[PDB]
4 protein chains.
Amino acid sequence: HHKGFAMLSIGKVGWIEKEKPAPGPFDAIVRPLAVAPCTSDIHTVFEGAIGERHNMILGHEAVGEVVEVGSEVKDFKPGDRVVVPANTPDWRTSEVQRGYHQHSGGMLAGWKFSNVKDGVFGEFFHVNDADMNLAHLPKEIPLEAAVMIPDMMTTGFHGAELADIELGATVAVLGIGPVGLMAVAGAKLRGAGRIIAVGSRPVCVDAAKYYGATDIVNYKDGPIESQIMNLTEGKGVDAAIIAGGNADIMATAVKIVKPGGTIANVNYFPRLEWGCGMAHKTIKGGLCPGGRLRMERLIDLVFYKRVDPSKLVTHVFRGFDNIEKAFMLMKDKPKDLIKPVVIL
Amino acid sequence: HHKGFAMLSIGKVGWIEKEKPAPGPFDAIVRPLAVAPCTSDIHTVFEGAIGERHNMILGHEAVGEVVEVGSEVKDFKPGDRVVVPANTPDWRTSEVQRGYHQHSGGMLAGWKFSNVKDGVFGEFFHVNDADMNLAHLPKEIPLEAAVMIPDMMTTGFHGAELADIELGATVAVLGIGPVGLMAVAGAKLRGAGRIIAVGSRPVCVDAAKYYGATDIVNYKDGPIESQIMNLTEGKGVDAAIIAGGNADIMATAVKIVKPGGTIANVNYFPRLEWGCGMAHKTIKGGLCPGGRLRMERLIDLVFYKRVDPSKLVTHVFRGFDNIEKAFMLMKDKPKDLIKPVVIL
Amino acid sequence: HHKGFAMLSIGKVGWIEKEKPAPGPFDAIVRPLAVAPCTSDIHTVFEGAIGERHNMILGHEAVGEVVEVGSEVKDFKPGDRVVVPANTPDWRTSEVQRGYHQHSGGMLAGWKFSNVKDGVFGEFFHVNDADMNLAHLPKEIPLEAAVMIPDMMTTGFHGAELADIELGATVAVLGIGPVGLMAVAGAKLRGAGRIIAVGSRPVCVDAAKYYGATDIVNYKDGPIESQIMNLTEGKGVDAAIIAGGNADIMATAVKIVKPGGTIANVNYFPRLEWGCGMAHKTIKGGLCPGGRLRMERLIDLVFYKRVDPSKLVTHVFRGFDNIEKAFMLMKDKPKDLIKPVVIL
Amino acid sequence: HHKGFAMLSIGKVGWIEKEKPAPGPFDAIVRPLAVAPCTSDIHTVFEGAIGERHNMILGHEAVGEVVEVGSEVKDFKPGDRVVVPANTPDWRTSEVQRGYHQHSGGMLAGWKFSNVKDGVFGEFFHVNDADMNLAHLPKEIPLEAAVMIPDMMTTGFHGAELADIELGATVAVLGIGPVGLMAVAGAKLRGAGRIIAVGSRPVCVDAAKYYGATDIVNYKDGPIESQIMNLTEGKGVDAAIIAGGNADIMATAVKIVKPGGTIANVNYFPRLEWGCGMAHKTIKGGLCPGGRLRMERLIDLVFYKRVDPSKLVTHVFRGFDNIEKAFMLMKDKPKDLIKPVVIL
Ligand SMILES: [Mg+2]
Ligand SMILES: [Mg+2]
Ligand SMILES: [Mg+2]
Ligand SMILES: [Mg+2]
Ligand SMILES: [Mg+2]
Ligand SMILES: [Mg+2]
Ligand SMILES: [Mg+2]
Ligand SMILES: [Mg+2]
Ligand SMILES: [Zn+2]
Ligand SMILES: [Zn+2]
Ligand SMILES: [Zn+2]
Ligand SMILES: [Zn+2]
């Protein structure tokens, strides 16, 4: 019996008592050391993104310490400091063998935390297939930087990877939230040249400039498409990454990308003509990549100072009782907030 | 001064007389030996697909004999039997260096015939960059089979190529017109296993069965999506090729393709969720591939009996005066018609 | 306690008694219905390819029926007719997540049969990770055709896949043994145009002509390189697949492939210059692909009549006692032998 | 009639006077503003790398100003400051349509400077297909940095591109010459994690540390293979780039790369086993990339401060007469020399 911050119903949250999870032969029990609320939790609680839930613990971004393992777990033991990916696929299924985007398949059943399984906002949580999902966290990486790996960094970096960025190419990132900031960082990591970031919030604009954006487009000089086309002298961009917005941002991305380019869509929750190139494009989407290898490679990127995700963390809280406060801060989204982190 | 079948205005066609085209240093003049009307010509004439045109010769699918060449033309001489691609890109521009889909770039200005330039339905027509566009036609290939190469075969085969077909994968082809039939043939050429063809016309169904379709889905038996999902026992298809229909066929293709799959759109003229794989897809579109290398490789495929496009030709006409009759047949689309060919 | 045909010390084979294998929670026990000796077994026994072995049952190409399964096996039950791949990777390790060639990784520890584990030439054998390795065999596929799938078909088809074959490209297959014949079939399945097969044995030449080879090069007519260059008028081939021979055939393959082409090496057991394209090549090698998905896709290819591997089977034997006779036939390769099959 | 620094014969070098080149309709005449000798010139002169030459002007790395153009040249006019790529392919032949490595084909005939055509070490030189080869140089890029683009930067960056580097992967660079330093920079630009540089010269080691190398392996501390395997704890590297050395470095690269990895060979001038992964590798080689688009993308990388190639320049000379001194310095290869540059 442990504590957990759970969704009572659509629009209701509170602290409840639940039975302490037990690990199977291939599972592990992890207690969190640092957690971070996400906009997905808010969409679930208040927008009914995944339907109706009752007494479901929220949260899917945690860095924790292993406290219990199954009998068949070999690579991790209690006391090990680990990074828990947000997506934890089932690896004992032939579906994982299918594979796409140069990674493993079956990445639809991996979205378990806070969807069909208790989240990380508790004293303990359950990780399936621990040897296939968990990754060791070196002691030289701070907790606030490490907690950005499980969801934000992996989603943004996969958005950059799917954009088919060539060396020196011009890349546009629509939406400069945390996922968009990580998309800018990933575009820089892919050898992009000019990077155009679309956004208006001063703190997000400063973060985008820090992470490698060379041009900032504000939705006050005029339409986004006109500004971007004027920036590139009518040539457009080689690739665009969609990280936030509404359906109009998809039309804008189609408008601004050159024929043969790629539009990557990682934002969670027309006709072919001879004289118009708007339909001569590739649109790739997916919240695919999770697992131990992905986490290990991101950890290697952080460890060797290729990227510093600490700039995403604008608010730091101490103690278990501040999870609700961080969630509320995520709800009302003040102007100076990018991503809050609770250190346990 | 020569004759040609031209679009008088939106909805008006007739035989007009025009000045004989002259070739530049890198150009060639070709007289046609076999031509084929397309649905694109009908869309331009009667649906205003490309705007208003005046006395513009129609047609973009011809097999012809070189009549005269420019001073800088080296690989072709008058008397050579050649295949003229529908797309003839400008090759003396840096745009062709920015390629995609493992071919050259600049494949938007290549759509010249019957769009911004006189078509092939005349006694002569003009081909730009002859050494980079024309391809030699061996005498062992019949004219009716060869005339299917310039547009239908290349479009269908590129649709199959962009679908990312793996060996033994299940492929669905939506629309079994000539482009869809060539898409079925290309899917077979890419090592597909089960091929599901969606269509109802008996002649097109017979052609699809001939070209490698193992299952036929008729829309007179219920929704396409439900039938296809029943055929695959709820697994869906690995890839889908869109060759005809309306915007609802795009939704059907998105519904039937498994997560991580590819939807290829060669038919000329959702939100990311944890529990729904509809948005976890790749959509590739383009009427890209033209030029001499593409024509030569298709000619090699025909020559070595890898594919026989003669089944597409259901009506054969002799004489220049039958071009109007073939165009009218294309307009009224009778029961037994797939593709008419006029032999000069 | 069951019977098995085993290698005794070296150059010595015989029938021995061994303890009947028992399955783990994720394993299954399979009895064979059809088996096929391989040249790899002969290299192991007589050439010391893998070192010294004692009482090790040989054979790695079997089609069998499930006899019993572990408690955690869900997709297969006793009585099911299955195809057993030659490569059976360990799937409960993070190594398979790495991945290459658009398939799963860790395909080095999968070579277990007759290498570090008892082979299939016994009354029973052990298959690890049954739900991830075994594949259902439909009743409409004959045993002789099905037993070509586990090693020959997968190796040849992966050789064709790694060759980066484009539609209509010219492909050369060096060595027309069973793996080379399957490479010819795979090249045809990938949309190749001209296919040049290099070999001299009349039965293998006939099989190569059946599987899609358009040109046959005999080494009794001069050097292979000179003949191939004469066939292509000095242009060379777009890709080459090496299926048999020594380092000299690798040198020939480097010589005959055009700059930028790919040489695929699936045969088990230069300096960069401005004016010479010999080193401007890509050489891909690997006995990679194994597992349930690979077997299922190959089974789909056979089921839908995309390929008929029955032409490989030249000798058919009945009864358990004929395994030694088939192995001896494999040893002293006669004129009319391609692949012997023993039906149980 | 102009002066030029030419190779008199094998081992003989001096200043000669030659007729001033004249441009064709698609050509341009360029006078150099900064030039850099290369090891390729020394191999040509003192080692007979390309055979015997008589009065052939050397040099293939220049940044210059357009002096005059042909009648068909449109994108460049006299007075324009341009970057001249070392490889200048013929763009009016169908061969460029073939294409590989996601760029254009026909790149073997692009190696013209100081091979089959007068080099850049003269008062003027000839550039074929100016609109397809030349690239505008912004005034904000210094000459010393810009002159590293034509050969060193493009070769190293293509070596990094062909290595198939994934985010966070470990990359080894064998050879820490200027091409190897640019390979380290390109590996960093591709999102590599740990980068291991193999070299011993202190100036080259310092440059490698500057460009992103995290580990340095000195051959005075034991075998390279053993040191690298100890660094990675026996796992090896995900990819290796060969930029200098002898045939033993290829064996070392094969030994250190993990199965399924890629070895890229850009340094100008095993059998498949079940238990050994040495042959389960991909070897890619080529001095491929040249042309206007490549130069423009590299210029964009330099302009937006993604890479600073000024660290390569250790010796700067002023005046035309110092070309011989720079060439001699390249011959003697002193301790503190990486790349000399002559500013005109
Ligand atoms: Mg993905
Ligand atoms: Mg992973
Ligand atoms: Mg295309
Ligand atoms: Mg072409
Ligand atoms: Mg493989
Ligand atoms: Mg598999
Ligand atoms: Mg290349
Ligand atoms: Mg270029
Ligand atoms: Zn999240
Ligand atoms: Zn058409
Ligand atoms: Zn075998
Ligand atoms: Zn050089």
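Worth knowing before you read on, the calculation uses all heavy atoms, side chains too, and leaves out hydrogens, waters and symmetry mates. Just follow the structure's listing: the first ligand is 1, and inside any ligand the first atom is 1. Letters A, B, ... mirror the listed sequences (proteins, then strands); counts begin at 1.
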**Student:** Could you tell me whether the Zn ion (ligand 10) has an N, O or S atom of B:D151 under 2.8 Å away?
**Tutor:** yes
**Student:** Given atoms NE2 of D:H158 and NE2 of D:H103, what angle do they subtend at the Mg ion (ligand 7), to the nearest 10 degrees?
**Tutor:**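 With the Mg ion (ligand 7) as the vertex, NE2 (D:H158) and NE2 (D:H103) sit 110° apart.
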**Student:** Regarding B:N267 and A:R271, is there a side-chain donor-to-acceptor distance under 3.5 Å anywhere?
**Tutor:**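 There is no such pair (donor and acceptor under 3.5 Å, judged by atom type) between the side chains of B:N267 and A:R271.
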**Student:** Please name the atom of C:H101, restricted to N, O or S, that is closest to the Mg ion (ligand 5).
**Tutor:**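 Nearest N/O/S atom of C:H101: ND1.
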**Student:** Okay, side chain of D:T93, backbone of D:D90: is any donor-acceptor separation there less than 3.5 Å?
**Tutor:**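 Not confirmed, D:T93 side chain does not pair with D:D90 backbone.
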**Student:** Check step by step if ring pair (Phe, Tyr, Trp, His ring centres under 6.0 Å) holds for B:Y268 and A:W274.
**Tutor:** CA-CA 8 Å; B:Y268 161 74; A:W274 288 337; 4.9 Å; yes
**Student:** Look at the rings of B:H101 and B:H103 and say which category their plane angle falls in: under 30° parallel, 30 to 60° tilted, over 60° perpendicular.
**Tutor:**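 Perpendicular.
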**Student:** At the Zn ion (ligand 10), what angle lies between atom NE2 of B:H60 and atom SG of B:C38, rounded to 10 degrees?
**Tutor:**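 Output for this angle: 130°, rounded to tens.
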